[PDB]
Amino acid sequence: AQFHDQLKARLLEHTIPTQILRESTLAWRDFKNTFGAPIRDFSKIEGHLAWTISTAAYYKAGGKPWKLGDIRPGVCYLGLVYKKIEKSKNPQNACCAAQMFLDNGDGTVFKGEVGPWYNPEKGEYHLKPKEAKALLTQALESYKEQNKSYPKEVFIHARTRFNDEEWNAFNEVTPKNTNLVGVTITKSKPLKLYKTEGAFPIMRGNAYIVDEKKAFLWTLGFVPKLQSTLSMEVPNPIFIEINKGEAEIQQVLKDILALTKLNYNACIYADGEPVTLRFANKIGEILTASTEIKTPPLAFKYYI
Amino acid sequence: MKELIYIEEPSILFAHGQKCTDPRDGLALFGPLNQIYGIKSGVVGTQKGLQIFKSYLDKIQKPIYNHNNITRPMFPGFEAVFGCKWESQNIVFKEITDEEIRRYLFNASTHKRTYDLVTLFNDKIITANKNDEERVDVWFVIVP
Amino acid sequence: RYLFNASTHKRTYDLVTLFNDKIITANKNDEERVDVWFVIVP
Amino acid sequence: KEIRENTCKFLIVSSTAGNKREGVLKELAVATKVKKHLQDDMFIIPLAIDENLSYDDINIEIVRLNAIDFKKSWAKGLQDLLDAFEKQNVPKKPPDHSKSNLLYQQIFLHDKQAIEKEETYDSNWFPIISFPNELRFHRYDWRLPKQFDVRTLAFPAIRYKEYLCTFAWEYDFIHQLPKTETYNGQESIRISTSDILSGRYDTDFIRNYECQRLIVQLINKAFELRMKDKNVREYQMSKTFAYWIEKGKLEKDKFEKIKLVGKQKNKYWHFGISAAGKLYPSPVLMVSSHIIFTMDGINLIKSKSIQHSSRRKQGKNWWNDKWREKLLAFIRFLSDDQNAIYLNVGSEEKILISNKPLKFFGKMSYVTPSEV
RNA sequence: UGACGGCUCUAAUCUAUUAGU
DNA sequence: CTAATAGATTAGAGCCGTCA
Ligand SMILES: [Mg+2]
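Protein chains in written order, with the UniProt record's numbering: chain A, 204 to 507; chain B, 1 to 144; chain C, 103 to 144; chain D, 51 to 422.
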């Protein structure tokens, strides 16, 4: 259950990359039918297996497969997701900063922030006012040191709406008059819809606006280049709600759509949710395996 | 009447200042941005794991074909796409435990079994990294 | 301070602290892969 | 034109079945003749790819020539081909990958991308069209005992601080206890439904949110009440009851050229649904579809995991057209009227819900005739 | 733990009312 | 100062398959 989590968590203190490969992937020949039903199969998909592995290993070597270049310079980005540890007093307090994008003249930064700040409450999530100030200040000095100047515009993602006091505290730690906005992104909300004619689902990239604040987006259709569906059955969309701030809907929607292909762990053409939420989700269980670590690194090579 | 607004796909950057939508064909055409060419690796496991890893490593040099071309772009070869060397003749292997004193007689408190497994693997890796001379880059772990 | 007036041992410790902290931050923060380091001294 | 007037080299490819092709042999003979014409440097440079093609069993006319190998790795073959080419003093040209990108995108652009044609889509929701203008609350602090709960009652009635939230008349409870009419209705309370749906109503004891909660609870229980007498029964679920119908109960297991109860792994499967009301964008009804199994229609598998495997096996080969058509057919069968569905929420009051789903029109599409 | 999606089962807490301080 | 109802809003944690 926690084999990989524990192994990577305890090896994290020595700064060594690693890669775990099950033998069944390598030995998919001899694990054939026990009594007439084959256990296992990659014939139809065999070539793609190589595409799944090589580039990943390349990233662990120190190579950059592909970078995105559709970002306005002099902007921010950040994400967040919580986690349940339920160690002793069933605490709900595990917040893992996801990432941040920066333009240091010519390059792109993908290191993110870390530090599992705690919270006495066990079921209400949110965040106490003290932790949030340091949480945003951290990204602030990171931007200062990687920009040799001050940041201009800031964006924030989330998973759940939040109360007034902590956003007010976030506005309190705002330097000068920079604009801050946070966007809540759910995962599943039922808006099942069909195609009137034919035998194919909706075509990927559609939208359905219900108000100047809320919005919707579809991600599992079928790209004409791929000509085949990304999901076996009819898809399920993502519901978008803007919580606070003055943010135009179309630009933020296209921005969050543009950040669903940076899945370095694989090479599938399209992915459902943006990289940020799942990326913080998959770093959280690494640090929740064992909590004796102090100041873990901020490079995602070792985590992934 | 309520209508659906459509959003087009963005574009990603590649080598030589080129652009495309899919990344696979771009890599097959232009390659990565930064050039690093050392994959001196490491591995732990049993000897059958050694031979199977060697066979799979030197197998990937030849192209391998999908069942359906139109949905999966072709894979010509690691050196064909990346311009980086990775062969099955420069591995520095460290031997694994073979007795595996843990058997069906010992199944209560599997947490302890997991602890013993991870302690053994981690100490072996750490000792190999700390004491030996050769410069290793990645560590592959295989186990049934 | 330029002159070794206050404490030469203190100045050496400060310089080594600066170099060590910079190197450690580089190792734990960046993304590239490096093997050696050629430190120049003024 | 090109072979004679404007060609410098040649790149014959020795595949496994390259000898069979008559056209390649014809152009090969043409190349041999033009070489016999020129006699300057060399023209022909063979290539080999396959492992099955042994080095001796190669095409008979070309045995005299050697070949750069590609059987091991394509990179070294490309490398030695290119440096042999540049050693042969072939005229050069500065590289430009943009032309390669343009050619790649142009040669592979058809039967893909998007088309400006308009199309239509169907939704999953049904909007309400009828509702009584006002609802009524009336509590005497003595009308009912304060211990039993409201799940016992089968008609709209839920407790409250002081305003008993009922839909029908408060004197419609004679069926098991008398003296209902003895409770005078002059001291009753009324709240306009149209205004609270508009949301303009607001008081110190009733806000918009909890009264909206009240009305959605009433419409949900009314939907259950109108569903229960449809003669389609229910199976226990983690969520509300899953409603479905049996083979043979409809005429010969068929209803308008669609089949809903079938056989898979010697088990009989049916097509059920579930529903619940939502209101914020518009008063509409969520409906979702599920597939149910059974041995003979009297009992069902107990294990959820093998049920999961069976439902995946059954649903692997069902797609958008079948999904949409079956949902429309089932909802039309559910329609108790030729135009809508009535909800006899009150003693005589009812709410009408459209049996025709919503619509959508989109201005963008793809190359539809993809066949596969 | 080669990765992705689709389902199913389980958990809390917040927000009215109510009975035992 | 504890407990039953009830919606709306959250997280683990397994099983099947991978294009008819
Ligand atoms: Mg990995």
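Virtual Cβ for every residue (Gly too), placed ideally from N, Cα, C.
Under the DSSP assignment, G308/A falls outside any beta strand (DSSP E); it carries neither an H nor an E label. Rounded to whole angstroms, the separation of the alpha carbons of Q89/D and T82/D is 11 Å.
Any Cβ of chain A closer than 8 Å to the Cβ of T97/B would place that residue at the interface, and such an atom is absent.
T463/A and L480/A have their C-alpha atoms some 10 Å from each other. Residue range 72-88 is occupied by the alpha helix (DSSP H) that includes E77/D. Judged by their CB atoms, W373/D and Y411/A are not nearer to each other than the 8 Å cut-off. Approximately 17 Å separates the beta-carbon atoms of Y280/A and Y467/A; this is outside 8 Å, ruling out the contact. Here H329/A is not near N66/B, since their CB atoms are 8 Å or more apart.
In the DSSP annotation of this structure, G315/A is not part of any alpha helix (DSSP H), being labelled neither H nor E. Segment contact: the segment 402-410 of chain A against the segment 418-430 of chain A, three or more CB-CB distances shorter than 8 Å; contact assigned.
Residues are counted here when their Cβ sits less than 9 Å from a Cβ of chain A; for the segment 124-140 of chain B these are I125, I126, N129, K130, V136, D137, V138, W139, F140, given in chain order. In the three-state scheme derived from DSSP, where H, G and I count as helix and E and B as strand, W373/D is classed as helix. Against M414/D, the close residues of chain B are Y6, in the order they occur along the chain (beta-carbon pairs closer than 7 Å).
The beta carbon of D273/A lies closer than 7 Å to those of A461 in the same chain, with the five residues before and after it left out. Within the model, the alpha-carbon separation for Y259/D versus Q454/A is close to 32 Å.
Contact annotation, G327/D with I241/D: C-beta distance approximately 19 Å; criterion of less than 8 Å not satisfied.
Inclusion of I178/D and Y213/D in the CB contact set at 8 Å is not warranted, their separation being larger than that value.
Among the residues of the segment 66-92 of chain D, none has a Cβ less than 7 Å away from any Cβ of chain A.
Of the other Cβ atoms in all chains shown, fewer than 16 fall within 10 Å of the Cβ of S359/D; this residue is therefore exposed. For a Cβ distance threshold of 8 Å, nothing in chain D lies close to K112/B: the least Cβ distance comes to about 29 Å. Beta-bridge analysis with DSSP links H320/D to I342/D.
Per the DSSP secondary-structure output, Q222/A pairs in a beta bridge with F140/B. Between the beta-carbon of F442/A and that of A301/A there is about 20 Å, and that puts the pair past the 8 Å contact cut. Taking C-alpha positions only, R225/A is separated from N380/A by approximately 52 Å.
DSSP places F503/A outside any beta strand (DSSP E); the residue lies instead in the alpha helix (DSSP H), whose first and last residues are 503-506. Taking 7 Å as the cut-off, one finds no heavy atom of ligand 1 near enough to the beta carbon of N270/D. The nearest non-hydrogen atom of ligand 1 is 7 Å or more from the C-beta of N281/D. For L501/A, the residues of chain C that pass the 9 Å Cβ criterion are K130, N131, in the order they occur in the chain. Within the chosen limit of 7 Å, ligand 1 reaches the beta carbon of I507/A through at least one heavy atom.
Below the 7 Å Cβ cutoff, chain D contributes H147 as neighbours of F30/B, in chain order. According to the DSSP assignment, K112/B belongs to the alpha helix (DSSP H) that extends over 110-131. Distance from the CA atom of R193/D to the CA atom of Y221/D, rounded to whole angstroms, is 11 Å. Distance between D303/D and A402/A, taken at the CA atoms: about 25 Å.
A check of alpha carbon separations from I248/A across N68/B, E3/B, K40/B identifies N68/B as the nearest.
Against chain C, the beta carbon of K497/A has no neighbour under 8 Å; the closest one sits roughly 13 Å away.
In this structure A164/D is in contact with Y416/D, their Cβ atoms being roughly 6 Å apart against a cut-off of 8 Å.
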